[PDB]
Amino acid sequence: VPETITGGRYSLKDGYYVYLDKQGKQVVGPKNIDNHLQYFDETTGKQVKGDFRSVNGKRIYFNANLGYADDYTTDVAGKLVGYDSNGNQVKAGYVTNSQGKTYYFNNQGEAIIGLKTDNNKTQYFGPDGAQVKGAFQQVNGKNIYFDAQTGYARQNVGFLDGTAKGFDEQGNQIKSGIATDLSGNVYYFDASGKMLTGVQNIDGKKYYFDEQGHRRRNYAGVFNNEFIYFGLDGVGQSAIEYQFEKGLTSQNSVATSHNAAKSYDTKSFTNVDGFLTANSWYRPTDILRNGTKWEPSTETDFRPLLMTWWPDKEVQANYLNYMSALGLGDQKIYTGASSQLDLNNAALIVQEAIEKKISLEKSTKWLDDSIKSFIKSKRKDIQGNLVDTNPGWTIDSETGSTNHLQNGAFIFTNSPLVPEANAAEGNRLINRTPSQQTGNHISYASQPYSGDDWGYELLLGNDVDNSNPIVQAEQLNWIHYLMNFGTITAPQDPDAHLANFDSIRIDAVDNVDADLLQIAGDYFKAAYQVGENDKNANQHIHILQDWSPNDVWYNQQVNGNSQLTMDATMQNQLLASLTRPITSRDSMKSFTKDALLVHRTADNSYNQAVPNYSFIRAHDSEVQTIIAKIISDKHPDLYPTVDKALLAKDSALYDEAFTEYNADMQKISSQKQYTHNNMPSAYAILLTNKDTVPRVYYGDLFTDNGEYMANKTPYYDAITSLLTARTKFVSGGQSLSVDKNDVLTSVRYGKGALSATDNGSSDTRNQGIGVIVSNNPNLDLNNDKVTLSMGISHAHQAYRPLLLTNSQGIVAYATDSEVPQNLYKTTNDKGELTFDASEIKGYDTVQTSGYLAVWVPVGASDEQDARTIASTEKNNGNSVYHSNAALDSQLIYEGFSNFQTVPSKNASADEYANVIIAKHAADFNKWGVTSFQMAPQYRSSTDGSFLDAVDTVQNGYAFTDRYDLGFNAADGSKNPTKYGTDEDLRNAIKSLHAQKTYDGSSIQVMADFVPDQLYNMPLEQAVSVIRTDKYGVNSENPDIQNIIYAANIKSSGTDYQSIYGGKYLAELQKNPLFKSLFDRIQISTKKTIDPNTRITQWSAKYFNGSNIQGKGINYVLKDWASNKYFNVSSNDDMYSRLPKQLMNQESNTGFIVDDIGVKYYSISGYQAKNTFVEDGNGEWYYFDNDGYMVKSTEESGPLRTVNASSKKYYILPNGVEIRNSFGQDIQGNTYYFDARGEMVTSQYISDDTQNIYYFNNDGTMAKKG
Ligand SMILES: OC[C@H]1O[C@H](OC[C@H]2O[C@H](OC[C@H]3O[C@H](OC[C@H]4O[C@H](O)[C@H](O)[C@@H](O)[C@@H]4O)[C@H](O)[C@@H](O)[C@@H]3O)[C@H](O)[C@@H](O)[C@@H]2O)[C@H](O)[C@@H](O)[C@@H]1O
Ligand SMILES: [Ca+2]
Ligand SMILES: [Pr+3]
Ligand SMILES: [Pr+3]
Ligand SMILES: [Pr+3]
C-alpha cells in the first residue's frame, strides 16, 4: 500500500526535486501525495519523472512533468496494448502516450483504426492507431474537420486548395448555406460553393459581408445609395427613419400646484452645500393629508424628493415597482418603454398610499428607510442574476483601480463649482514619504542594504493632508494635548500631572508627509530638552512604524534619530530561521550574514550601532495574517485568496478561526499547521541581543483573543523567565557563532567586559548570559561537541541553567537552589563550556523545534541588576539617542491585541483593560518594562469599513473624534472605549507612573499617534473628485474626472475636536523655548508651520482624498439636458434651476420634430444644449449650441467634429451617434468609433470574433485583401 502523505512541501536539491515530510525528513519509496501517486528513489530521495517503476509488483509509468503516474503504450510487436495509470491493461478506453499520441483500444484490447462513431460525436483514428485532431481528413471524400482538443466532427471553413471552402460536421460542402469558423466568423455561400461579399438579402433581411467574407455587426455606411446601419444582429436598419418617439408630454398636472416646492431656496430643501442628492427631502406647498384632503404644509412637513420627481423615466418606473412591492403602489409592472403620462398617474396613486401610511404610523421614519433601501436595491436581469437597480447611486458606478485596501479611492481637487471645498495653492502634496520628502526619491542606503520605498499617500478612510501648514500645526496641538492629557482633562485633581503620557508611537510613517517627524522631534527638544543628554532623551523613547528599508537611513541622516527606527532585518531573520515549518526554514548560519543592520558576531563597542527597537510579532504584524489564512482554508467559497480573507468582517468566521488558531498553538511543532514554531527560542535571542530595545507583544504571553490577560499561551513560563533574567544577567559585549552542525551560540560577557579576552570589572564576574539555539528537530551531534565561549573573565566558574528542553517542554529554573546537582557545570581555564550528545539533542515539543538552552553564572545576589544608568554628559553628533548600555537597559511592551474581546454594554468594571492594567502594574515592572505601549485610546467607529472599525474589534485605530479618549455622555453616563473611560485611563497611567525602574524613574506610557486618517464622519460636503489608486495615480475613468461627489467628510463641530482643536497653539507661540519649532522651514512644503488658524471642524479642504464611499457617481442630482448640477443655495448660471414642475411652471418632456430640426426636452423640462443624450437605454444623440440635434446630410458627410475638441464622431441622418461601431465614408474608407463614440487613431482594435484591424493616425482603416 502506498502511504498517503498530506503535510509537507517540495524542495530542489542538486537540480532534482525531493519531498519533505511534516516531520522534516525526506521521503523514500512509492508514496501518494495530492491524490496522485509518485515514486521517490531509495538513496538520494529523488522524485521519479518520466521513468518506469514497480509499485507493489505492477509496472507503472510516471509523468515527465509533475512526477505523477500516468498512461503508457509499449509496442513489443503489432499494436502496443496500453495500460491504466495504476498498472493493468485497458479493456476498452482511451490512453494518451508520453509522446502525446492518443489511442483507443477495443474490447479485445487492440487499437481501433478508422472511423469511431460514438454516442452523437463521430471521431477518426488514422492507421497506426493515432487519433487525428486539428486537421481535415477525407474518410471517403468527406473532408471532415476534427477539433484540436477532442476528435469530434465540427463545421469549419478550409482555405486550402482554393479559397473560402466551407465544410460541415457530416462533411458535405455547404453550398448555398451559412457556415461558421472556429473563431466564430460567419460566411455565406451561393450554389456551387463560392462565398459572397457585400450586401446580401437572406430571408427578407439585409446582412453585410466584408471583402474576406465575414458577416458583420455594428457596421454603418452607404450601400447601393442607401445608408444602412447593421446592428448587433448583423441586420440592417434604415438610417433615415428616426429611432425616437416623436411628441412631447406635459408634466403639468392638477397635483403639480400642490406638489410644487414651498420656496426655491435652502429653507425648503435638504441639501449638501446647496446641491441635491437622491436622499433629498423637500417641503411642498401642500400635503395630501391622509391621502384625502389637500392642506397647507407646516414647517415640519418634508417629503422625499423621489416621491414627486425623478432624473429620468428609467428611475421613475423602477421607483413605482419597488414601492408597489412594499405594498403601497398599484399591482402592475412598468418599464422605461412604458409611456410618460402613465408613470405620472401611477406616482400619484403611490403618494395616496404613502400619506395614508404616514397618517397611520404618525411618522415618516419608515419612509426614510424604504427610500434609502430603494436607492441601494437589487433586481433580476435577462441573464437571471442580481444587478443594481440604480447603478448610478451605488459602488458599482465608482469603477477604477483596485489597488487600495478598500478597493478604490478618490483624490480631492479644486473646481469652481464647489468654492468652499477648495484647498490653497501648493497644498495637497501627496506621497511625501521619508524617501520622497523633497519630491524626488533619494536612496540614503549604502552598499549591502536596500534603499527602496513602499510608501503611498492613501491608506484607509478619509486621508488627512499633512503637507498643509495649518494641519501640521493641529498635529502639534494634538501631541501637546496627549503629553498633557491628565492636567487638561482633570484640573480639579492635584495628581493630574501624573496622568500624562510621556512618549509617542508614530503610525503609518510611509503613508503621511515626513515633515511630521521633524515637527515632533522639535517638540520634545523644546518641551523636555531631550537633546541635552542621554538621561533626558531616554526618559522619552519614541518609536517609528517605518517598514520601508530606506527609512532606517533617512531617519539617521535627515531626522537626527528623533524617533527610534525599527529593525526589520532582525525580525525577518528571526521569523525565517525559527518560526516557519521545517520545510520553509532558513539556516541558523543566516544570523551571521552581512545584510543584518547590527553586526553581532563581535559587538565590542558602544555608540556605534544605529539606535533601534526590534521585535518578532505585533498587534498587526504576523497576527491578523495568520487568522486570515485559516478563514481562507475553511471558507474557500467566500474567500479563496489569503488577501481576500483579510477583507472579512463577520464575527462567526473569526470565532471559528480562532478556536482553530488557539487549538493549533497547543499542538506539537511538527503538526503546527498555522502557528509559529520556536517562539521561546526566538525571544531568547531577542532579549539577549546588544544594541537594541526589545519589544514584547502582549499576544505572545497571552492569547490574542478573549478577555484581557485572562488566558496564557504555552510560552508564558519561558518568556517571563527570560524577561526577569534580562534584568539580572544581560550586559556587556556580544558575539554570535554557528558551528558546522548549524548551532547558534549567543554570548554576553557581562558588565565591564566587551570581548572574550577582556578581564572586565568587579561587576563582570556574576553577570553575562549564554544562549544555545538549534532549529533542527533531528539534530544528532554524536562525536562533535557544542561550545559556549564565555569570556576569560568567566574562567574556572560554576554555571547553572536558566532554561532547558525536555520532551515535555521547557524547564525554567528561577534560582540557583532550584537546580539539581547534576546540571551544574564549571568552565575551563579559557572560559569555555563543552556539551555532549548526551546533553544536547534534537527535540520536537510544542515550544521548540531543535534545542534551546540558556546558561547563567552561579551565585548572583538579589540586589544584582545588570542594567546601566543613563549618562548626563553632553553628546556630540546629530543622534538624539545613542545605542549603548543605557539604551539597552530599556524594553518596550506592546500591551494590547486587536482581537481582545470587546466588553459588552453592561460589562463589569474590571473587564475593561485599563482597569486590569492598574491591577497588574507591578507585574510589568518585574519583567523589566521601562515603556508601556498602550493601544490607541480614541473612540472607535463601528461602521465596518475595515477590520479595525467593526464593532467586535474597535481597537481604536479607526476613529472620528481624535480628542475623545473615553469621555462620558452628555447626560453623565459612563461611556468607555474598548479599554475604559478617561478616568479608567488616567488611573492606569498613574499606576504605571507609580512603578519605578532600576534608575528610580517611572515606567513611560506611550500614546499612539495616528496622523494619517479619520473614519466615518457625520456631515456630508460637496467635493470635486478623480478616481485613482492608493498612490494617487489617475485611473482615468472618463466619468470620474473632476465631478461632484457628496462625501461624508465634515466633522460635527460639537465634538471634542471643536473644543480642543488648535487650542494651545497661541499659548505655545508665546513660549520662547518653542521659537525654533515655529521658525523651521519644513522640507516638503518649504514654508513654515502655520499656527494662526485653528481646526475646530474638519472639512474637505484639509484632506488629500478618501477611500470610495459608494454613494454613486450620480448621487448628486443633475439635469441631463443642460448637463448642470442642481443648486438651491446659489443663483449662478453654472448651476441649473429647479425642475420646472417643482416651481409650478409649464413643463414638457420628449423629442419634438420641427421644420428647422429636432429639439429634446428633459424630464425636468429644460432644453438640451451642447450635450450628449441617451434615449430609452439605446441610442445616443448630440445637440448643438442652438439646441438642435446634429444630423448628417448628403452635402455634409457622417464623419463630423461636433464639440470643437478636435474629436471626431460618426453621426447618421437619424442623428444617432454610433458607439462601439465601424463607420464608412462615401469615398470608401472605414473608421472605428470606441465606447465613448469618438474616432480611433494609430491603434489596433480587436474584434469580438478575433479579427484584428489597424487604423492609421489618419483615422482610416488599413485595407486588406
Ligand atoms: O526556486 C526556488 C523554489 O524551489 C521550490 O519549488 C517548488 C515548486 O512548487 C510548486 O510546484 C510543485 C511541483 O514541483 C515539481 O514540478 C515542478 C514543475 O515541473 C514542470 O515544468 C511542470 O510542467 C510543472 O507543471 C511543475 O509545476 C514536482 O515534480 C511536482 O510534483 C510538484 O507538483 C510551484 O508551482 C513551482 O512553481 C515551484 O517550483 C520551492 O518549494 C519553492 O518554495 C522555491 O521558491
Ligand atoms: Ca496620508
Ligand atoms: Pr407645421
Ligand atoms: Pr444603461
Ligand atoms: Pr428601441
# chains A, B, ... in the order shown; residues from 1 in each chain; ligands from 1
$ residues_around --residues "residue A:179" --least-positions-apart "4" --cutoff "8 Å" --atoms "only C-alpha atoms" --output "ChimeraX atom specification"
/A:155-157,166-168,174,186-189
$ write_last_selection --atoms "N, CA, C and O atoms" --output "tab-separated table (two decimals), in the first residue's frame"
chain	number	residue	atom	x	y	z
A	155	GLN	N	-18.16	21.69	-37.89
A	155	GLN	CA	-18.32	22.51	-39.07
A	155	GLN	C	-17.17	23.51	-39.07
A	155	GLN	O	-16.85	24.08	-38.03
A	156	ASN	N	-16.55	23.71	-40.23
A	156	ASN	CA	-15.42	24.64	-40.36
A	156	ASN	C	-15.12	24.95	-41.83
A	156	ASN	O	-15.35	24.11	-42.70
A	157	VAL	N	-14.59	26.15	-42.09
A	157	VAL	CA	-14.22	26.55	-43.46
A	157	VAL	C	-12.72	26.37	-43.69
A	157	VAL	O	-11.91	26.77	-42.86
A	166	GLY	N	-16.33	25.89	-47.36
A	166	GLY	CA	-17.00	25.59	-46.09
A	166	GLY	C	-17.49	24.14	-45.98
A	166	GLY	O	-18.19	23.65	-46.88
A	167	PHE	N	-17.12	23.48	-44.89
A	167	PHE	CA	-17.48	22.08	-44.64
A	167	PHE	C	-18.18	21.96	-43.30
A	167	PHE	O	-17.82	22.65	-42.34
A	168	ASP	N	-19.18	21.08	-43.24
A	168	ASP	CA	-19.96	20.89	-42.02
A	168	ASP	C	-19.49	19.66	-41.21
A	168	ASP	O	-18.43	19.07	-41.48
A	174	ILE	N	-20.90	23.06	-47.92
A	174	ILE	CA	-22.15	23.73	-47.62
A	174	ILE	C	-22.44	24.74	-48.72
A	174	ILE	O	-22.23	25.93	-48.53
A	186	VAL	N	-18.66	34.22	-39.56
A	186	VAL	CA	-19.83	33.71	-40.30
A	186	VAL	C	-19.77	34.01	-41.80
A	186	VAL	O	-19.88	35.17	-42.20
A	187	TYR	N	-19.66	32.96	-42.61
A	187	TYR	CA	-19.64	33.10	-44.07
A	187	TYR	C	-21.01	32.74	-44.63
A	187	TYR	O	-21.78	32.01	-43.99
A	188	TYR	N	-21.33	33.24	-45.82
A	188	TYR	CA	-22.47	32.73	-46.58
A	188	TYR	C	-22.00	32.41	-47.98
A	188	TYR	O	-21.31	33.21	-48.61
A	189	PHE	N	-22.38	31.22	-48.46
A	189	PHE	CA	-22.01	30.74	-49.78
A	189	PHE	C	-23.21	30.80	-50.71
A	189	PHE	O	-24.34	31.01	-50.26
$ residues_near_ligand --ligand "ligand 4" --cutoff "9 Å" --atoms "only C-alpha atoms and all ligand atoms" --output "ChimeraX atom specification"
/A:391,1174,1176-1178
$ write_last_selection --atoms "N, CA, C and O atoms" --output "PDB file, in the first residue's frame"
ATOM      1  N   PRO A 391     -27.611  51.777 -10.596  1.00  0.00           N
ATOM      2  CA  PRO A 391     -26.143  51.709 -10.605  1.00  0.00           C
ATOM      3  C   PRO A 391     -25.481  53.038 -10.303  1.00  0.00           C
ATOM      4  O   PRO A 391     -24.512  53.079  -9.541  1.00  0.00           O
ATOM      5  N   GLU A1174     -28.696  60.058 -23.954  1.00  0.00           N
ATOM      6  CA  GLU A1174     -29.066  58.664 -24.245  1.00  0.00           C
ATOM      7  C   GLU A1174     -30.591  58.540 -24.258  1.00  0.00           C
ATOM      8  O   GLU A1174     -31.256  59.206 -23.482  1.00  0.00           O
ATOM      9  N   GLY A1176     -33.884  55.916 -24.076  1.00  0.00           N
ATOM     10  CA  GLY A1176     -34.553  54.618 -23.860  1.00  0.00           C
ATOM     11  C   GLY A1176     -33.585  53.453 -23.727  1.00  0.00           C
ATOM     12  O   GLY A1176     -33.868  52.329 -24.189  1.00  0.00           O
ATOM     13  N   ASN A1177     -32.458  53.751 -23.064  1.00  0.00           N
ATOM     14  CA  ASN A1177     -31.277  52.861 -22.879  1.00  0.00           C
ATOM     15  C   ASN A1177     -30.608  52.327 -24.166  1.00  0.00           C
ATOM     16  O   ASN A1177     -29.953  51.275 -24.139  1.00  0.00           O
ATOM     17  N   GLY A1178     -30.761  53.049 -25.275  1.00  0.00           N
ATOM     18  CA  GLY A1178     -30.192  52.622 -26.544  1.00  0.00           C
ATOM     19  C   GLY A1178     -29.355  53.724 -27.151  1.00  0.00           C
ATOM     20  O   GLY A1178     -28.191  53.927 -26.792  1.00  0.00           O
TER      21      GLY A1178
END
$ residues_near_ligand --ligand "ligand 1" --cutoff "6 Å" --atoms "only C-alpha atoms and all ligand atoms" --output "PyMOL selection string"
chain A and resi 10-12+65-67
$ residues_near_ligand --ligand "ligand 2" --cutoff "6 Å" --atoms "only C-alpha atoms and all ligand atoms" --output "ChimeraX atom specification"
/A:457-458,463-464,511-512,1012
$ write_last_selection --atoms "C-alpha atoms" --output "tab-separated table (two decimals), in the first residue's frame"
chain	number	residue	atom	x	y	z
A	457	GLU	CA	-0.44	58.53	0.48
A	458	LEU	CA	-3.92	56.97	0.56
A	463	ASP	CA	-6.88	60.85	4.16
A	464	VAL	CA	-5.61	63.91	6.04
A	511	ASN	CA	1.64	57.00	4.43
A	512	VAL	CA	1.97	60.61	5.64
A	1012	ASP	CA	-2.94	59.67	8.62
$ closest_residue --among "A:625, A:495, A:1152, A:1167" --to "ligand 3" --atoms "only C-alpha atoms and all ligand atoms"
A:1152
$ closest_atom_pairs --of "chain A" --to "ligand 5" --cutoff "12 Å" --atoms "only C-alpha atoms and all ligand atoms" --output "JSON lines"
{"residue": "A:237", "atom": "CA", "partner": "ligand 5", "partner_atom_place_in_ligand_line": "1 (Pr)", "distance": 11.7}
{"residue": "A:242", "atom": "CA", "partner": "ligand 5", "partner_atom_place_in_ligand_line": "1 (Pr)", "distance": 10.4}
{"residue": "A:243", "atom": "CA", "partner": "ligand 5", "partner_atom_place_in_ligand_line": "1 (Pr)", "distance": 6.7}
{"residue": "A:244", "atom": "CA", "partner": "ligand 5", "partner_atom_place_in_ligand_line": "1 (Pr)", "distance": 7.4}
{"residue": "A:245", "atom": "CA", "partner": "ligand 5", "partner_atom_place_in_ligand_line": "1 (Pr)", "distance": 9.1}
{"residue": "A:336", "atom": "CA", "partner": "ligand 5", "partner_atom_place_in_ligand_line": "1 (Pr)", "distance": 10.5}
{"residue": "A:337", "atom": "CA", "partner": "ligand 5", "partner_atom_place_in_ligand_line": "1 (Pr)", "distance": 8.2}
{"residue": "A:338", "atom": "CA", "partner": "ligand 5", "partner_atom_place_in_ligand_line": "1 (Pr)", "distance": 11.7}
{"residue": "A:1174", "atom": "CA", "partner": "ligand 5", "partner_atom_place_in_ligand_line": "1 (Pr)", "distance": 11.5}
{"residue": "A:1175", "atom": "CA", "partner": "ligand 5", "partner_atom_place_in_ligand_line": "1 (Pr)", "distance": 8.4}
{"residue": "A:1176", "atom": "CA", "partner": "ligand 5", "partner_atom_place_in_ligand_line": "1 (Pr)", "distance": 6.7}
{"residue": "A:1177", "atom": "CA", "partner": "ligand 5", "partner_atom_place_in_ligand_line": "1 (Pr)", "distance": 8.2}
{"residue": "A:1178", "atom": "CA", "partner": "ligand 5", "partner_atom_place_in_ligand_line": "1 (Pr)", "distance": 6.6}
{"residue": "A:1179", "atom": "CA", "partner": "ligand 5", "partner_atom_place_in_ligand_line": "1 (Pr)", "distance": 8.0}
{"residue": "A:1180", "atom": "CA", "partner": "ligand 5", "partner_atom_place_in_ligand_line": "1 (Pr)", "distance": 11.6}
$ select_by_dssp --residues "stretch 1032-1158 of chain A" --states "alpha helix (DSSP H)" --output "ChimeraX atom specification"
/A:1056-1060,1065-1070,1075-1079
$ write_last_selection --atoms "N, CA and C atoms" --output "PDB file, in the first residue's frame"
ATOM      1  N   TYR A1056     -15.253  66.893  20.485  1.00  0.00           N
ATOM      2  CA  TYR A1056     -14.074  67.329  21.253  1.00  0.00           C
ATOM      3  C   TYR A1056     -12.975  67.945  20.391  1.00  0.00           C
ATOM      4  N   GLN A1057     -13.049  67.724  19.086  1.00  0.00           N
ATOM      5  CA  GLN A1057     -12.213  68.438  18.129  1.00  0.00           C
ATOM      6  C   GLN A1057     -12.496  69.937  18.188  1.00  0.00           C
ATOM      7  N   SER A1058     -13.773  70.322  18.222  1.00  0.00           N
ATOM      8  CA  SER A1058     -14.142  71.740  18.259  1.00  0.00           C
ATOM      9  C   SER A1058     -13.717  72.410  19.559  1.00  0.00           C
ATOM     10  N   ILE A1059     -13.651  71.636  20.636  1.00  0.00           N
ATOM     11  CA  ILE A1059     -13.265  72.164  21.940  1.00  0.00           C
ATOM     12  C   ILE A1059     -11.763  72.363  22.031  1.00  0.00           C
ATOM     13  N   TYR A1060     -11.012  71.303  21.749  1.00  0.00           N
ATOM     14  CA  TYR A1060      -9.560  71.300  21.941  1.00  0.00           C
ATOM     15  C   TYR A1060      -8.750  71.562  20.667  1.00  0.00           C
ATOM     16  N   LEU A1065      -2.156  76.469  20.537  1.00  0.00           N
ATOM     17  CA  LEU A1065      -1.156  76.995  19.605  1.00  0.00           C
ATOM     18  C   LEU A1065      -0.725  78.425  19.964  1.00  0.00           C
ATOM     19  N   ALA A1066      -1.702  79.279  20.258  1.00  0.00           N
ATOM     20  CA  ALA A1066      -1.431  80.660  20.681  1.00  0.00           C
ATOM     21  C   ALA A1066      -0.480  80.684  21.875  1.00  0.00           C
ATOM     22  N   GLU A1067      -0.802  79.860  22.863  1.00  0.00           N
ATOM     23  CA  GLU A1067      -0.017  79.707  24.080  1.00  0.00           C
ATOM     24  C   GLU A1067       1.440  79.281  23.826  1.00  0.00           C
ATOM     25  N   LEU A1068       1.630  78.322  22.921  1.00  0.00           N
ATOM     26  CA  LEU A1068       2.962  77.778  22.618  1.00  0.00           C
ATOM     27  C   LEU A1068       3.854  78.776  21.878  1.00  0.00           C
ATOM     28  N   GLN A1069       3.275  79.513  20.933  1.00  0.00           N
ATOM     29  CA  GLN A1069       3.995  80.579  20.228  1.00  0.00           C
ATOM     30  C   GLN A1069       4.638  81.591  21.167  1.00  0.00           C
ATOM     31  N   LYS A1070       3.930  81.926  22.239  1.00  0.00           N
ATOM     32  CA  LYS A1070       4.413  82.893  23.230  1.00  0.00           C
ATOM     33  C   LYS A1070       5.589  82.365  24.061  1.00  0.00           C
ATOM     34  N   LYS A1075      10.354  78.653  19.958  1.00  0.00           N
ATOM     35  CA  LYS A1075      10.645  79.537  18.833  1.00  0.00           C
ATOM     36  C   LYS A1075      11.280  78.788  17.650  1.00  0.00           C
ATOM     37  N   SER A1076      12.187  77.851  17.935  1.00  0.00           N
ATOM     38  CA  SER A1076      12.903  77.109  16.886  1.00  0.00           C
ATOM     39  C   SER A1076      11.958  76.274  16.061  1.00  0.00           C
ATOM     40  N   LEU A1077      10.984  75.690  16.742  1.00  0.00           N
ATOM     41  CA  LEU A1077       9.989  74.830  16.120  1.00  0.00           C
ATOM     42  C   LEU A1077       9.182  75.601  15.083  1.00  0.00           C
ATOM     43  N   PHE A1078       8.716  76.782  15.483  1.00  0.00           N
ATOM     44  CA  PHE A1078       7.824  77.600  14.651  1.00  0.00           C
ATOM     45  C   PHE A1078       8.547  78.372  13.550  1.00  0.00           C
ATOM     46  N   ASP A1079       9.870  78.504  13.662  1.00  0.00           N
ATOM     47  CA  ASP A1079      10.681  79.226  12.665  1.00  0.00           C
ATOM     48  C   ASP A1079      11.250  78.290  11.598  1.00  0.00           C
TER      49      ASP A1079
END
$ closest_residue --among "A:259, A:119, A:172, A:414" --to "residue A:142" --atoms "only C-alpha atoms"
A:172
$ residues_near_ligand --ligand "ligand 3" --cutoff "10 Å" --atoms "only C-alpha atoms and all ligand atoms" --output "VMD selection string"
chain A and resid 1153 to 1155
$ write_last_selection --atoms "C-alpha atoms" --output "PDB file, in the first residue's frame"
ATOM      1  CA  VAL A1153     -39.686  67.349 -34.743  1.00  0.00           C
ATOM      2  CA  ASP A1154     -39.600  70.828 -36.202  1.00  0.00           C
ATOM      3  CA  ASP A1155     -39.142  72.277 -39.720  1.00  0.00           C
TER       4      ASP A1155
END
$ residues_around --residues "residue A:342" --least-positions-apart "3" --cutoff "12 Å" --atoms "only C-alpha atoms" --output "list in words"
residues 249, 250, 251, 313, 316, 317, 320, 332, 333, 334, 335, 336, 337, 338, 339, 345, 346, 347, 348 and 349 of chain A
$ residues_around --residues "residue A:1090" --least-positions-apart "4" --cutoff "10 Å" --atoms "only C-alpha atoms" --output "PyMOL selection string"
chain A and resi 468-474+1065+1078-1079+1094
$ residues_around --residues "residue A:1209" --least-positions-apart "6" --cutoff "8 Å" --atoms "only C-alpha atoms" --output "VMD selection string"
chain A and resid 1199 to 1202 1217 to 1218 1233 1237 to 1239
$ write_last_selection --atoms "N, CA, C and O atoms" --output "tab-separated table (two decimals), in the first residue's frame"
chain	number	residue	atom	x	y	z
A	1199	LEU	N	-19.11	61.79	-41.01
A	1199	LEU	CA	-17.95	61.95	-40.16
A	1199	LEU	C	-17.81	63.42	-39.78
A	1199	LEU	O	-17.54	64.24	-40.65
A	1200	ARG	N	-18.01	63.76	-38.50
A	1200	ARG	CA	-18.08	65.17	-38.06
A	1200	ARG	C	-17.39	65.47	-36.75
A	1200	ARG	O	-17.46	64.67	-35.81
A	1201	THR	N	-16.74	66.62	-36.69
A	1201	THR	CA	-16.26	67.18	-35.42
A	1201	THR	C	-17.43	67.99	-34.93
A	1201	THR	O	-17.93	68.86	-35.63
A	1202	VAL	N	-17.89	67.68	-33.72
A	1202	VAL	CA	-19.10	68.30	-33.20
A	1202	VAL	C	-18.82	69.34	-32.11
A	1202	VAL	O	-19.37	70.43	-32.15
A	1217	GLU	N	-25.68	58.90	-32.87
A	1217	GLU	CA	-24.23	58.89	-32.76
A	1217	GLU	C	-23.78	57.47	-32.39
A	1217	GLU	O	-23.94	57.04	-31.25
A	1218	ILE	N	-23.22	56.75	-33.37
A	1218	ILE	CA	-22.90	55.33	-33.19
A	1218	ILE	C	-21.66	55.12	-32.32
A	1218	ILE	O	-20.68	55.84	-32.44
A	1233	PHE	N	-15.25	53.59	-34.07
A	1233	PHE	CA	-15.62	54.53	-33.01
A	1233	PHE	C	-15.83	53.80	-31.69
A	1233	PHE	O	-16.66	52.90	-31.59
A	1237	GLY	N	-17.81	56.93	-28.38
A	1237	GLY	CA	-18.36	57.43	-29.63
A	1237	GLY	C	-17.33	58.05	-30.56
A	1237	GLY	O	-17.61	58.27	-31.75
A	1238	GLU	N	-16.13	58.30	-30.04
A	1238	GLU	CA	-15.12	59.03	-30.81
A	1238	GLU	C	-14.22	58.15	-31.67
A	1238	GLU	O	-13.97	56.99	-31.36
A	1239	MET	N	-13.74	58.73	-32.77
A	1239	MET	CA	-12.92	58.05	-33.77
A	1239	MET	C	-11.62	57.56	-33.17
A	1239	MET	O	-11.06	58.19	-32.28
$ residues_around --residues "residue A:946" --least-positions-apart "2" --cutoff "10 Å" --atoms "only C-alpha atoms" --output "list in words"
residues 405, 406, 460, 461, 646, 647, 648, 649, 941, 942, 943, 944, 948, 949, 950, 958 and 1015 of chain A
$ atom_distance --atom1 "atom CA of residue A:1190" --atom2 "atom CA of residue A:223"
22.1 Å
$ residues_around --residues "residue A:651" --least-positions-apart "2" --cutoff "10 Å" --atoms "only C-alpha atoms" --output "PyMOL selection string"
chain A and resi 648-649+653-657+950-953
$ decode --residues "stretch 295-319 of chain A" --atoms "C-alpha atoms" --output "mmCIF file, in the first residue's frame"
data_model
loop_
_atom_site.group_PDB
_atom_site.id
_atom_site.type_symbol
_atom_site.label_atom_id
_atom_site.label_comp_id
_atom_site.auth_asym_id
_atom_site.auth_seq_id
_atom_site.Cartn_x
_atom_site.Cartn_y
_atom_site.Cartn_z
ATOM 1 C CA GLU A 295 -53.856 71.055 3.274
ATOM 2 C CA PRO A 296 -51.216 73.818 3.557
ATOM 3 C CA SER A 297 -47.903 72.331 4.728
ATOM 4 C CA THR A 298 -46.334 73.129 8.097
ATOM 5 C CA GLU A 299 -42.673 73.747 8.887
ATOM 6 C CA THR A 300 -42.075 70.044 9.599
ATOM 7 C CA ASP A 301 -43.939 68.626 6.537
ATOM 8 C CA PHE A 302 -40.900 67.478 4.497
ATOM 9 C CA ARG A 303 -41.293 64.665 1.980
ATOM 10 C CA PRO A 304 -38.707 62.771 -0.099
ATOM 11 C CA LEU A 305 -37.813 64.374 -3.423
ATOM 12 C CA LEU A 306 -38.083 60.997 -5.131
ATOM 13 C CA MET A 307 -41.807 60.901 -4.350
ATOM 14 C CA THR A 308 -42.659 63.607 -6.952
ATOM 15 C CA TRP A 309 -39.577 63.933 -9.250
ATOM 16 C CA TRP A 310 -37.014 61.631 -10.886
ATOM 17 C CA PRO A 311 -33.936 62.220 -13.114
ATOM 18 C CA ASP A 312 -35.493 60.112 -15.945
ATOM 19 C CA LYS A 313 -38.269 57.630 -16.797
ATOM 20 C CA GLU A 314 -35.967 54.641 -16.052
ATOM 21 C CA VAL A 315 -35.724 55.522 -12.364
ATOM 22 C CA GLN A 316 -39.420 56.573 -12.260
ATOM 23 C CA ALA A 317 -40.512 53.139 -13.486
ATOM 24 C CA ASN A 318 -38.275 51.303 -11.007
ATOM 25 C CA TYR A 319 -39.447 53.501 -8.132
#
